[PDB]
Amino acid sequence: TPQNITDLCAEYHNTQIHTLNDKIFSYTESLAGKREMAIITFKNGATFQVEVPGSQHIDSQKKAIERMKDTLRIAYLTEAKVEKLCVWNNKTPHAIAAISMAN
């Protein structure tokens, strides 16, 4: 059972860590059909998505996808520094699997 985001990220294929150490620059969310997703950017130009729930996700990820969008919204609004994102790099924008926040 992993002790940090880097070790967690390494348990999966097609992932990587992006280190941001910065607040979120913009937060976007959509209710449009088949694009029920969130998109965040950072001032360095990096863009990430929380994917639309799909057949790629198992049932236990459903609640966590919803939570992640909650987390990104409040992080954005509080200007919380994002340390790292673990992302799947076989999607464009890279798809968020995990987030760490630290000052």
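Numbering starts at 1 and follows the sequence shown.
Asker: I need to verify one thing: averaged over C-alpha atoms only, is the B-factor higher for 26-34 or for 52-60?
Answerer: The stretch with the larger mean CA B-factor is 52-60.
Asker: Averaged over C-alpha atoms, is the B-factor higher for 1-9 or for 93-101 in this PDB entry?
Answerer: Per the deposited B-factors, the answer is 1-9.
Asker: Just to confirm, going by the entry's C-alpha B-factors, which of 74, 65, 39, 46 comes out highest?
Answerer: If I rank 74, 65, 39, 46 by C-alpha B-factor, first place goes to 46.
Asker: Lowest, middle or highest third: where is residue 20 by C-alpha B factor in its chain?
Answerer: Middle third of the chain for residue 20's C-alpha B-factor.
Asker: Which third of the chain does residue 85 land in by C-alpha B-factor: lowest, middle or highest?
Answerer: Its C-alpha B-factor belongs to the lowest third of this chain's values.
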